[PDB]
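Labels run A, B, C, D, E, F and G following the written order; every chain starts at residue 1.
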């Protein structure tokens, strides 16, 4: 085990940080002049409309996102190995290499094919 | 924490409260000195009126920010729009205060870290991912499709480097064999400084901390002179300040971690006095980034992906495997020493023609 | 060792495919499979555990079949993009692993290894072929989810993730069922059949070949290791055999006809599962794979895109050999001695009666007589007038293949007493 | 897709509006739209004196003012057939190329600034200030010189302009190399 | 335990309700993030710490970002697009849904076990020997699965 | 509230606004580059307000209309102005802005002041950088409540909590 | 016992999800909740029968993650040239 106390201590901390956050925002929010909407409906640039209509966006963003998940799964697995690594011995290392090369093959496919397409 | 004391919940709260508001005040006077240090670099004088020495200007500035209209767009859905800065600041604040600063009891009889967990590194890595929520959501929240395009650019970049940060950080975790920061500090106290012993993992970590907006990505997008900046450009009042605030708290957090991990933040064979020496390492990195901040250009996003993804991760994973070999057979540590030293010679020689 | 060739090949080819033009990857992958088949043969009947991976008698029979099916499908394809060979390879590996494990977490991972490349192989981009893909995937992810949930409740009830742990009262009873859902769906035992008519129709023919033999084999492979209650089975079989044969009268398009049929066939195989014998079920699947394999090959040679009932007519005029091949195939699936198809049935039925389970066995037999309706609906249609419909002849390669297949069918029909000795449990 | 990179938003360093038809991320074509600053010189000068007109030519190119002026100066001078003494021709080149330095200096200042971070702007400007101050002495203004009239410059150089011009000629080589 | 415990499990269920109810996609997904956080807490609470941190890192940080990027790329201006002849299907959906809780409830009710066996907080220390031990094949299987996932995923989207 | 209750508070806030004036430039014509000048090096504006040149009009405040204002540009500008948060001032720099400059044409607009209301005029062409500092010094003392006309009467801090966006 | 009951409830909710939703992306979203219902169960029993159910869970997560990737990839690839993202209106396969 290890102290559950210190995980609690995180929760406390989160409660403090969130509080000071919200506190600042609520001061700011409540004070200020106002003139009701009738033209603050509009956003940046050229009056209304910031730039035309864009309807669709490239696959670029999908690809980048997708990479990150699969390789994040990699990292997840490589943490246990990082910790105990004199106990797992030489056989350990071979386990690691096998796994690594497999995800690296993944990599080489997406690299030789591209991250702008 | 199996060797370090726990503090009762109240005392935790007190430290937490101090460090949070500490980072507000931190951010305040940091903006001023950075502002001014840019000025000097560009052969000018920074703010220095608004008595006595420019040191009340952030007060004035801050007071200005409140007492302003709460612009809430028609075209924004309310809930996300108001929420969106909040999330980004919360998850940025969190996990500065993890980092140790001095040996036990040296805060009037209490611990200089707020928490200490039992898994340090994961917690850091985890909080770094949650910043990216804030970013793209804000984009969407405002509901301008221009803003949206900005935020995805931003997030895309972040998320790419974010993974690389992981494979960089494995290398010292090998050597100490534990996760918590403290173990890492104390290990270096004896054995000596992880920037010696795993130099290419130092490097990629540094250049990954660039990606926390440090300048030298910087087709972040920005808004000025470019395709619109993500998040901001639709925020106005206090909320806008919050976004910027977050970006700086990241900056100093990274500027602290690179000392904590890689240099031993309270390690020092000269004298260890608890807090003092930490602030001097902070100061150094602070200044390093501002020299960057001034003197170089930016990377055009296309270029930026090629650089992190394609180049940076192969140097990181090549190093992970090598060190993993060395650490696995539990050989003398000399063999990394030789390698670090050699890699430095490569990376030094590279600047020399 | 069979695993050894596949895994190695899979990785190696991944990168290789950049250097070679698309044909070289077809030549390569075709070869790979053939080597993997070789490696099986020379170690026949000798078992190798390594813990997780576990070579048994069973594995050997069912992956023999699976690789066969996979060779055929890679054969015919000509289309670009190195992946449309590559993926079939992958999927095969996935099935190899699937059969060769008992340990549930591996079994799940294996299920994904085979199911993933299948979803993508469902697209030559024909509009239907996206719909198909989609249905299969969404329904698939649900059955997946059950199989994962099942495993999690199993771990509760025994204290193991190996199959063959003891068992007890309600949770173990429940748990044992929820594993049947996932595995069940992949081989399509009604009611889980639903995707099998749409997906077979929508998907382009050669792909469907791979699916209709091999995936069914592999899925069944894993099903056998489950201890499936005699009660669960009685439900499954009945619904499969009923819905299969009855519903099939209604259809008039080749792919869908064979689809509903393959719900019925899943039902018939599932009889063997009562006692469970991979001598009986082994035999069955051999006759089923060959016959379906033959039959679906012919359907590719017509068009790679859905054909109505009429198109099959006149096959004898255009080519005599093919006309006979496809004929023999159709009778073999009806079950009609002295083609092997009867023997495949007979062995299964015998295991049902041996364990004693009568009502079910009767339904099965009755409705197999029903089956003759739509099967003659194809099988004779061959001799009638040709109409205007495509029929590109296809390679000399394949002509030889198809006729080989049809000879392997009728050969075991007269001579079943060759193979049965060595498809045994210990071999 | 259709991006409207606006008029003076966030900048362009003009007030140009561009209809950028984008396919994916590689720009097809940009259709420029101008008309956000036509303030009509051509019309107005049709209603002013020739002397007055020299105060209308440098309100066009801001940065390189003296070049417009000079170009006009010749055109009329030619027309009515005046000459222009030798010293004049000297003064006109010294200022003209000095103004060219003004234009390039501001150009490289903006260029680096534009994309690229902040710093090189300030250096490029600093040198420009020194040029403007030299100019200030002789024409009385930082820019929008009124120091050429039809036939030559309107008054002799002040005494102080030649020594100080020498000062800046020392520095510029070293500085130019440091921009490079 | 039931004092504090009650609240946290309540939150879990509540969060669950929201992600299948709410009629705007983003609000849904965002709720689901709150779900998986709570769940991460519940992992930590059950003497399984490492799994907790991986829950946040992978499931709430990786997976859901992928979800969100998809829901932005193509819009999702209503989370219930279609008023459709299947509008009848709402009460039948609620009916079967209840059924699946009932049957599962049966299987799980009256269960007797032990809760004594100490994982040791499930810290990565104690996970190392198993993971690269008896499960090492399974790991490599996982790894192959990922590689296949990459190859497939690319080939689906970009016609390669 | 609105910043104005206790004498004390409002004097605070008024200092707050006044010394923090972040300039948003609206470069336009020939003036503009001399307006950019006001930052670099020899002179300054980074020690009154700030160096920054706000990256949207949304998050800005003192709009410096610096240059010629073509008639076609007027409705755009009208809208750029409208979207500023509520305390907003317009310094109108240069003759060209202030009174249409010399051009009397159909094209140019005589006095930017028709459209957006001006608070400080700063005459000149280009008013040399030090003059621009002087303008902002004015506007500083304007917002403190210490601004007069020649007739002897004070003016309220803004002159644009007056006509606003309706 | 409380937690393990809760997991079954969370499963129930997920089913309600899959049947109700009328957007493709939100179907898939619901599936992901079900997969976590599972992973919780798996840990819950892991306290009883010790240690292997941890490793179990980790592998499970990974499978889920993999299945996310391909599935969302597909959902995108199907509807990247129309935007009526209802999960019906695939009626064209039926005979």
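Throughout what follows, contacts are C-beta pairs under 8 Å (C-beta built on N, C-alpha and C of every residue); 3 or more make two chains touch, one makes a residue touch a chain.
Here the chain-to-chain distance from chain A to chain E, counted in touching steps, is 1. The chains in contact with chain B and with chain D alike are A, F. More C-beta pairs in contact connect the chains of C-E than those of the other pair, out of A-G and C-E. Chain A has the C-alpha centroid lying closest to the overall centroid of all protein C-alpha atoms shown. Separating the centre of chain E from that of chain G, both taken as means of CA atoms, is a distance of 7 Å. A straight line joining the Cα centres of chain D and chain G is 66 Å long. Mean C-alpha position of chain C lies 27 Å from that of chain G.
Rounded to a whole number, the gap between the C-alpha centres of chain E and chain F is 55 angstrom. Touching two or more other chains at once are residues 42-44, 67-69, 71, 118, 122, 152, 159, 179, 223-224, 228, 233-234, 237 of chain B. Residue positions of chain E touching 2 or more other chains: 47, 49-50, 54, 57-58, 61-63, 65-66, 69-70, 72-74, 104, 108, 111, 113, 121, 123-124, 127, 131, 135, 138-139, 142, 144-147, 149-153, 156-157, 160. Among the residues of chain D, those in touch with two or more other chains are 7, 9-11, 121-122, 126.
A list of each chain pair in contact follows: A-B, A-C, A-D, A-E, A-F, A-G, B-D, B-E, B-F, C-E, C-G, D-F, E-G.
Within the complex formed with chain C, the chain A residues making contact are 101-102, 105, 108-109, 112.
On the chain G side of its complex with chain A, the touching residues are 58, 61-62, 65-66, 68-69, 72-73, 76, 80, 83.
Within the complex formed with chain A, the chain D residues making contact are 1-7, 9, 24-25. Considering their complex, residues 38, 41-44, 215, 218-219, 223-226, 228, 293-298, 300 of chain B touch chain D.
Across the complex, chain A meets chain G through its residues 55-56, 59, 62, 66, 69-70, 72-73, 76-77.
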